[PDB]
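Asks: Got a structure for you, written out below as structure tokens; questions coming shortly.
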Amino acid sequence: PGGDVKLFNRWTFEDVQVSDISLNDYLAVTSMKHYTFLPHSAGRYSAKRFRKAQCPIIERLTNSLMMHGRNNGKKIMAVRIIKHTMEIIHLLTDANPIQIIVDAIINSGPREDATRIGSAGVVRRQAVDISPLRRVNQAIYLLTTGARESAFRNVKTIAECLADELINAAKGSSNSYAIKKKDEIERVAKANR
Amino acid sequence: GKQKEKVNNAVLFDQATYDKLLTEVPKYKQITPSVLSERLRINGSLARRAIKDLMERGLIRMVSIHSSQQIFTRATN
Amino acid sequence: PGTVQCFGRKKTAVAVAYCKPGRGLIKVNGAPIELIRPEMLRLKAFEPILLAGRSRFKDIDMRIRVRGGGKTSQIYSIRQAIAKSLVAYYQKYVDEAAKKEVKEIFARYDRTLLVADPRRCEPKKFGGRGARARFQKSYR
Amino acid sequence: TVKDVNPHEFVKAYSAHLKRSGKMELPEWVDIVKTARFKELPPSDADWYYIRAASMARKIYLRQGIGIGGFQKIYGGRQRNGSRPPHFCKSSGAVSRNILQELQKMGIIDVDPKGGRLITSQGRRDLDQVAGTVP
Amino acid sequence: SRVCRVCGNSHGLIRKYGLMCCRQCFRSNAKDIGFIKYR
Amino acid sequence: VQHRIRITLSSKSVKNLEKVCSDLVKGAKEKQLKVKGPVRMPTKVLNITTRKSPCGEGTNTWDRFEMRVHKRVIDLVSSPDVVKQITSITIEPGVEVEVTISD
Amino acid sequence: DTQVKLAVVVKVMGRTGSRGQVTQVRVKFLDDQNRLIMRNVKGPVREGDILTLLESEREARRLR
Amino acid sequence: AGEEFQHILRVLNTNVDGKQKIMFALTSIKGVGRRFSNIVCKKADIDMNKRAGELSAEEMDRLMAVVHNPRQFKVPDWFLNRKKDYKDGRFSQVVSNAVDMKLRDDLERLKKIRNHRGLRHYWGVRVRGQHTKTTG
RNA sequence: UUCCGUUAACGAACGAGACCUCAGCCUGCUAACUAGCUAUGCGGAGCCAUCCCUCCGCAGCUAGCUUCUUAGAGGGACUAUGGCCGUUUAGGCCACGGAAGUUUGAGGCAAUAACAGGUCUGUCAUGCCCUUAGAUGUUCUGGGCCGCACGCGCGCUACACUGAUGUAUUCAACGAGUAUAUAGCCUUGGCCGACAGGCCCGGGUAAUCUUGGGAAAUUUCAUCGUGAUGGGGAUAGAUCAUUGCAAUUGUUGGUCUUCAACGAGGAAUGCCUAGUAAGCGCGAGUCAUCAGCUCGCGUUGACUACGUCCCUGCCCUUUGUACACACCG
Ligand SMILES: [Mg+2]
Ligand SMILES: [Mg+2]
Ligand SMILES: [Mg+2]
Ligand SMILES: [Mg+2]
Ligand SMILES: [Mg+2]
Ligand SMILES: [Mg+2]
Ligand SMILES: [Mg+2]
Ligand SMILES: [Mg+2]
Ligand SMILES: [Mg+2]
Ligand SMILES: [Mg+2]
Ligand SMILES: [Mg+2]
Ligand SMILES: [Mg+2]
Ligand SMILES: [Zn+2]
């Protein structure tokens, strides 16, 4: 459409396609209104329910790096990490690293979960489905924490750690913390079905 | 990797990264970063952040130096 | 007969753009907007430029000044100030239908370019270090 | 000019400039001090006495009536008191004193009545030339 | 060596602005001093 | 003969204070003086925070006391005896005025 | 070998769970649009949301 | 290029490691810390980007000279760690093994004297006016 | 217990709300050489240089200046408008508009009845008792309140590479400043010193001088490269200066050295829903000096949820009671 808007001016949002029509609504990459130059924005989100569903996906992945106390409150470092990871994804796959981000989030969102329902007067955990927004929430969180701990006390630095996790989760291989936790949750829920 | 403690051992300053190891390490995708490959060529940093300087005057690859000294790689063009 | 001096605001940062009918020039505290110095938030400063384009700036000079605030607050205040200064200059000196296109280009991407953000660091109450938290509580 | 030049590369260029554009005297305690009480090591660069002077050149450039204490404060930083909470700690006096005295001895800056340090016109000439000679 | 102007005790003083009265005397007489408590 | 005079004027209460401000401005402008004011000068906020308990028991509760001191300044160009022709009109309770002779 | 099947949430009936944390919704199947089933859903879910669904023939019961 | 690359140098009875920077290997000696290592490197005028292991023999002699006779280098009195002695009264840098002997001389004065501090050490508890309800 | 409405009740009184303070909007009004734009006039420096153009300096009978700053009066939101639900009542959910659509955000104040809640150690507030000269009265000296096998509570520093160190870069807000004598509380400026801190000229009872707060985090370039390392700064020695009439059981601050535990913490448990948590610094209180604390202030700035009565509790109704000091019955 009208898409002469590239994040960091150099990674075209155009020609990115989401596989899940389920997460199509909740991934902010498609509409001409969801394109942004930078994954930093002083958005008045969380002021209302579901308003985060229209947060830019890159921004809503950016907010999840800045965690564990020493890193709380500093988005400039987070967006710097995002920039370096995003360019290194390109420097390996030579394909739209935006599409890499999106496809990884598709392929690492738990589709079923076992929680603690009670019925008939008796409470015991059972399997339930996962609404797509919480799909995305867990995807973001669970891809990110893998990079955090896999780069902790490690000379490999966070940009390349998170790049490894993204490239390999999007590729689909079970070599990432993310997709390893995915099928673990999936199998606990399948057993408890 | 013990890669700044091993900086003066003559193997590194003689043949290892003098386009014998990090000539083929970039070649996996034809461009694989020096900071990414800090562990694919397991050799860690500052015996590596200096050999990147050596390879830039040796004129074999392009350079991108930025915030946390995130530096990169490109094999031949 | 162009001269407009329009402001934009953030937490405490205030940005004021005083203008001339000049050629293309844009300066923050004498330093070109090219040298705005969060070098990851260097997009947002050019973003009102990058949405309108230099073509809407071949007749204007902006000696924009910024005081108070922090760093990102000041940058977002730049963004608001230049956006509103362009809209006001167009409205009063070009055409209202002409500024309406600027209105819609800016607002389609985001509303926060033109509308101030009413958020402030709300005060801290006793019984804790923090405006909403408390001290850790011990029973035994 | 210097407001058009990236604030870092101008410092680099001027640091080289007040090396090769003649010479001056220099104290024989430069390779000892920490330049601040909260610091832990002396500067890792050798010509830090020159990069410092390049920075303090443009300070009096773009601001007037600056005393020694103003530079003490501007060049302080975070002091990590150990197990105590960290604070803000002002920098050293003698280092800034000798930077200002050196620049005065080349007549780049000079002490103003009503107090403070102000640039001179030929120092302005020099800073603008070295600014223009940067990409 | 310094006490309240009001009760002449040695703790809880309010030295600021030169009151020389303790935290208790100060509240007890605060409204007539003029410390309107808008918040 | 015609000299320059300052009047500074402070208080605790805005409603009381502004009545005096309108008073002197109209007092001057009935007699056509060269006046400028009343410059409004930022409010001082005296504040003392106190533990409202007298013995230190129960949940820690503080109360914040504050005075607001308001400052106003006006310049007049007239002789000081002409000034005393004005500043004998009634002055409202609580307001303070400190006419001084300036350059 | 179940092929994961899709549904849209036509209305959110309620919010069951001991801690009130499992939305109970009523889904309509995309692949054949006359099958409507009451399921349990966790997290924020609104009307018109498309849900992937691994195993289809399970359904919940009113106020489960 | 470590034709004679040394893994441990063994100056001053510490086995100074020959694998880390000379900047922060000379700190392994008990009596020379981070700052005084730098000042010695400066005054002995040795190349800075130099891992111990590659360094040459004449300049260990230079470090020897500048660590046992630092003062003659016009270095001020106030890097030195035995400022204004009361055994004699000079200004010297104590080095690896002698530091414990010097500390024993201090505490051993304190023992002979019956100083509160000397007892407090002999008693074992904190010596500098600290609380001891809840720490130590 | 807000209202509609029902109605052996009618009509009322508090609490809620209403009220006040701060914050958010106003190119609308009042103004402001103790605020700041704007223009011109010269100056300085860069320059197709000769003018122009860019950035600074200084001043005014420059404003047919108040947008930025301040502070007064005001204006503004009312669910007002539309859709849907609802007896189409009370209202709710949604949408445009708008600065604001959880009363817009946060507080202040805050009812009846009570507690053997705390305070006789805030008080020439106090009843009764004790003491009342060889004093539990007052003053002084020295010590003590800080002692340490240990257990607990609030906290600070971390366990690092999303880092530490060393350069460069530059951004606030809240407030604070006795005749304090021979310049003296905040201290600008010059000088000496590596530092600590000294000397001299002074400024300010303050939008005037401090400070137009030149804060840090963060940003940038290198140094360390996974190692209890350059993380950590505990401990301890040497010495230097300031506050003090006095520094010892080191007041504090420097300088060199000494370089511990701590590999993200068991059972358990706390705080938190938007500029909020958390990270980061400043100011005030205390103060002759000592701030890891407390109260304020801003800076950067999120994940999650928009629910439920499962845990702990609260309010109403019904029901049961062998309880009333009330289930700790
Ligand atoms: Mg890392
Ligand atoms: Mg309220
Ligand atoms: Mg009682
Ligand atoms: Mg006594
Ligand atoms: Mg005690
Ligand atoms: Mg507490
Ligand atoms: Mg350290
Ligand atoms: Mg203090
Ligand atoms: Mg206390
Ligand atoms: Mg609890
Ligand atoms: Mg009974
Ligand atoms: Mg019982
Ligand atoms: Zn009292």
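Protein chains in written order, with the deposited numbering: chain ka, 8 to 200; chain ta, 31 to 107; chain la, 10 to 149; chain ra, 18 to 152; chain wa, 18 to 56; chain ma, 24 to 126; chain ua, 23 to 86; chain oa, 5 to 140.
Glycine residues also receive a C-beta, built at the ideal position from the N, C-alpha and C atoms.
1. Taking the alpha carbon of residue 150/ka as the point to measure from, which residue in 194/ka, 140/ka, 53/ka and 168/ka has its own alpha carbon closest?
2. Is residue 39/ta close to chain oa, meaning its C-beta is less than 9 Å from at least one C-beta of that chain?
3. In angstroms with no decimal places, state the Cα-to-Cα distance between residue 187/ka and residue 181/ka.
4. Let me check you understand the geometry: is the CB of residue 70/ka closer than 8 Å to at least one non-hydrogen atom of ligand 13?
5. Which residues in the same chain have their Cβ closer than 7 Å to the Cβ of residue 140/oa, if we skip the five residues on either side of it in sequence?
6. So if I threshold CB-CB distances at 9 Å, which residues from the region 43-56 of chain ra count as touching chain oa?
7. If we ignore side chains and look at the alpha-carbon of each, how far apart do residue 166/ka and residue 71/ta end up?
8. Which class does residue 91/ra belong to by DSSP, given the choice of helix, strand or coil?
9. If the cut-off is 8 Å on Cβ atoms, which residues from the region 23-56 of chain la count as contacting chain ka, listed in chain order?
10. Can you pull the chain la residues whose beta carbon is under 7 Å from the beta carbon of residue 70/ma, in chain order?
11. Could you please give me the residues that DSSP links to residue 38/wa through a beta bridge?
12. Kindly list, in the order they appear in chain ka, the residues whose Cβ is closer than 7 Å to that of residue 58/ua.
13. Which chain ua residues are close to residue 115/ka, counting only those with a beta carbon under 8 Å from its beta carbon?
14. Taking a Cβ distance cut-off of 9 Å, strictly less, list which residues of the region 79-90 of chain ka are near chain ta, in chain order.
15. Using a Cβ cut-off of 7 Å, pull out every chain ka residue sitting near residue 59/ta, in sequence order please.
16. For a contact defined as C-beta to C-beta under 9 Å, what are the partners of residue 60/ra on chain oa?
17. Assuming residue 143/ka and residue 23/ka make a contact with CB atoms under 8 Å, what is their CB distance in whole Å?
18. Do the CB positions of residue 54/la and residue 88/la come within less than 9 Å of each other?
19. Is residue 174/oa near residue 91/oa, with beta carbons less than 9 Å apart?
20. In terms of DSSP beta bridges, what is residue 220/la paired with?
21. The region 20-42 of chain oa: which residues have C-beta closer than 7 Å to a C-beta of chain ra, in chain order?
22. Measuring alpha carbon to alpha carbon, tell me which of 120/oa, 62/oa, 27/oa and 63/oa ends up nearest residue 52/oa.
23. Just how far apart, CA to CA, sit residue 57/oa and residue 36/oa?
24. Let me make sure I understand the geometry here. Which of 84/ua, 75/ua, 56/ua and 81/ua has the alpha-carbon closest to that of residue 138/ka?
25. When the Cα atoms are used, what is the spatial distance from residue 130/ka to residue 119/ka?
26. Leaving aside the five residues before and after residue 78/ua along the sequence, list all residues of the same chain whose C-beta is less than 7 Å from its C-beta, in chain order.
27. Using a Cβ cut-off of 8 Å, which residues of the region 78-108 of chain ma contact any Cβ in chain la, in chain order?
28. I'd like to know whether the C-beta of residue 61/oa is nearer than 9 Å to at least one C-beta of chain ta.
29. For residue 73/ra, does the three-state DSSP call read helix, strand or coil?
30. Helix, strand or coil: which one does DSSP assign to residue 134/ka?
31. Against residue 21/ra, what residues of chain la qualify as contacts under a CB-to-CB distance less than 8 Å, listed in chain order?
32. Kindly confirm or deny that the region 63-82 of chain ma and the region 107-115 of chain ma touch, where touching means at least three C-beta pairs closer than 8 Å.
33. Who are the neighbours of residue 66/ma on chain wa, taking C-beta pairs under 9 Å?
34. Comparing the C-beta of residue 62/ta with each C-beta of chain ka, is any distance below 9 Å?
35. Kindly list the residues whose CB is nearer than 7 Å to the CB of residue 21/la, restricted to its own chain and excluding five residues on each side of it in sequence; keep chain order.
36. Is residue 95/ka near ligand 1 - that is, is its Cβ less than 8 Å away from at least one heavy atom of it?
Replies: Well, looking at it:
1. Nearest of 194/ka, 140/ka, 53/ka and 168/ka to residue 150/ka, Cα basis: 168/ka.
2. Yes, its Cβ sits closer than 9 Å to a Cβ of chain oa.
3. Put simply, the backbone Cα of residue 187/ka is about 6 Å away from that of residue 181/ka.
4. No, Cβ of residue 70/ka sits at least 8 Å from all heavy atoms of ligand 13.
5. Within the same chain, 129 and 130 come within 7 Å of residue 140/oa by CB-CB distance, once the 5 residues on both sides are set aside.
6. Here the close residues are 45, 46, 48, 49 and 51.
7. Using only the alpha carbons, I get a separation of about 17 Å.
8. Residue state, collapsed to three classes: helix.
9. So the close ones are 47, 49, 50, 52, 53 and 56.
10. Chain la residues near residue 70/ma: none, gap ~13 Å exceeds 7 Å.
11. According to DSSP, residue 38/wa bridges with 31/wa.
12. Simply none; closest approach about 15 Å.
13. Those within 8 Å of residue 115/ka in chain ua number zero; the least Cβ separation is about 14 Å.
14. If the cut-off is 9 Å between Cβ atoms, the region 79-90 of chain ka has 84, 87, 88 and 90 near chain ta.
15. By Cβ distance, chain ka contributes 99.
16. Under the 9 Å cutoff, chain oa gives no residues; its nearest Cβ is about 10 Å from residue 60/ra.
17. Residue 143/ka to residue 23/ka, Cβ: 16 Å. No contact.
18. At the C-beta level, residue 54/la and residue 88/la come within 9 Å of one another.
19. No information on residue 174/oa is available, as it lies outside the stretch 5 to 140 that chain oa covers here.
20. Nothing about residue 220/la can be read from this structure; chain la reaches only from 10 to 149.
21. Residues of the region 20-42 of chain oa that bring their beta carbon within less than 7 Å of a beta carbon in chain ra comprise 38, 39 and 42, in sequence order.
22. Per the Cα distances, 27/oa.
23. For residue 57/oa and residue 36/oa, the distance between alpha carbons rounds to 19 Å.
24. When 84/ua, 75/ua, 56/ua and 81/ua are compared, the shortest CA-CA separation from residue 138/ka is found for 75/ua.
25. Each residue's Cα considered, the two are about 19 Å apart.
26. Excluding sequence neighbours, residue 78/ua sits near 27.
27. Answer set for the region 78-108 of chain ma: 82, 83, 84 and 85.
28. Chain ta, which has no Cβ nearer than 9 Å to the Cβ of residue 61/oa, makes this no.
29. Three-state DSSP puts residue 73/ra in a helix.
30. Assignment of residue 134/ka by DSSP, reduced to helix, strand and coil, places it in the strand class.
31. Going along chain la in sequence order, the residues near residue 21/ra (Cβ under 8 Å) are 40, 41 and 44.
32. As far as the Cβ criterion goes, the region 63-82 of chain ma does not touch the region 107-115 of chain ma, which means the pair count is below three.
33. Per Cβ cutoff of 9 Å: no residues; residue 66/ma is ~12 Å from chain wa at best.
34. Chain ka, which has a Cβ nearer than 9 Å to the Cβ of residue 62/ta, makes this yes.
35. Listed in chain order, the non-local C-beta contacts of residue 21/la below 7 Å within the same chain comprise 77, 78 and 82, local neighbours out to five positions each way being set aside.
36. The nearest non-hydrogen atom of ligand 1 is 8 Å or more from the C-beta of residue 95/ka.
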